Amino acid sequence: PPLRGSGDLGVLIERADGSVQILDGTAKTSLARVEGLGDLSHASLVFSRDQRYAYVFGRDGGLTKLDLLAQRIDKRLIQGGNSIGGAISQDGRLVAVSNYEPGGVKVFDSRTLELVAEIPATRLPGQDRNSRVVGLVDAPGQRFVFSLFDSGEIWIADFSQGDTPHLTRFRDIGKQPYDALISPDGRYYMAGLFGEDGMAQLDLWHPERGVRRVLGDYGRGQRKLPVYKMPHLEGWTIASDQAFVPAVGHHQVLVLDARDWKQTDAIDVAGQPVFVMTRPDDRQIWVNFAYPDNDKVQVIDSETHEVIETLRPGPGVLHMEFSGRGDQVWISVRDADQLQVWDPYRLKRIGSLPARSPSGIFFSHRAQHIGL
């Protein structure tokens, strides 16, 4: 294909067909469809540091190195037991993937996909399997950080001195950490708890201070919510002073003091929030919802905490993604087989591309940001 820049390239997951579309974000057009990625019914991805490749992590444990410029699969491996949790290191050389069977982290060379390190999680007493690993992120200092669901731990894997990592293990951090995030500046790791309420916070500048329990009320309490009905911590937005997060099993966006981790306001919204996102200029909060309210997207003023507008793009709004500078927001409408493009200042639709059951949408500016 002809020469083109990689800075405005997007990847759209087609969740029922094991395929992706590669998108020209500036022209608002589809460049290609690539097939052969297996089970993408759930999927995530990261980009190489030059933006030429996406690493797609599929529900089948597939790891696909996708060449966005040659518009083809470059390399692919399938490892049963690997999850969609995948991350890329600060220097772009290592791609880590969590696994839930037997439980641990595997780290691959970003060029060849050859195995560089296998990190088994704690072996469960009286068993021949390990703790599931969840909440894998990359962090500054050529580190990966992740949580152990069954045994209640957080570990740091430090690759700064070589391919055999230095491991730091924090035990008894909380019952069943099920997901985690790293703050946008790369300093704080926060794991949400499923076996009790609260979140476990680690200051990655000062890991010697240990893990700190914060936001002690945030969780399912005594409700029997399954794991997958808990908030996805990717659906948290953390600003400088404020965080906007989905309520656990309620139709509210909670506003948190991001310093003391206390709720300061609550916003009634048109459904159970699934993802809470920020326009890149921090002035608007964008929210999508769980079925039966997943035909709507609400836009909230970050200052007044009032709903500005309720958009209705169509049935099955799974994911959204802003352009790097925020001139666009892209919205997957699964049950309308459309990937829409909107102007988030006018709140008007400026494009709508056909797609097969579209889900995750990712643009290549993620390549330059820790945690993405």
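Note that residue numbering begins at 1 and tracks the sequence as displayed.
Q: Could you check the entry and say whether 267-275 or 135-143 has the higher mean CA B-factor?
A: Averaged over C-alpha atoms, the B-factors run higher in 267-275.
Q: What stretch has the higher average Cα B-factor here, 252-260 or 185-193?
A: Of 185-193 and 252-260, the stretch with the higher C-alpha B-factor average is 252-260.
Q: Which has the highest CA B-factor per the PDB entry: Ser83, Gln71, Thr237, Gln127?
A: That would be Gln127.
Q: Per the entry, which of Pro177, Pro207, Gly104, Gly221 tops the list for Cα B factor?
A: Highest C-alpha B-factor among the listed residues goes to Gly221.
Q: Within this chain's modelled residues, let me know which third the CA B factor of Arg49 belongs to: lowest, middle or highest.
A: Ranked within chain, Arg49 CA B lands in the lowest tercile.
Q: Rank-wise, by C-alpha B-factor, drop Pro344 into the lowest, middle or highest third of its chain.
A: Its C-alpha B-factor belongs to the lowest third of this chain's values.
Q: Place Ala43 in the lowest, middle or highest third of its chain's C-alpha B-factors, as listed in the PDB entry.
A: Lowest third - that is where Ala43 ends up once the chain's C-alpha B-factors are sorted.
Q: For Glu14, does the deposited CA B-factor place it in the lowest, middle or highest third of the chain?
A: Lowest third of the chain for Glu14's C-alpha B-factor.
Q: What third of the chain, by the recorded C-alpha B-factor, contains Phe159?
A: For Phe159, whose C-alpha B-factor we compare with every modelled residue in the chain, the answer is the lowest third.
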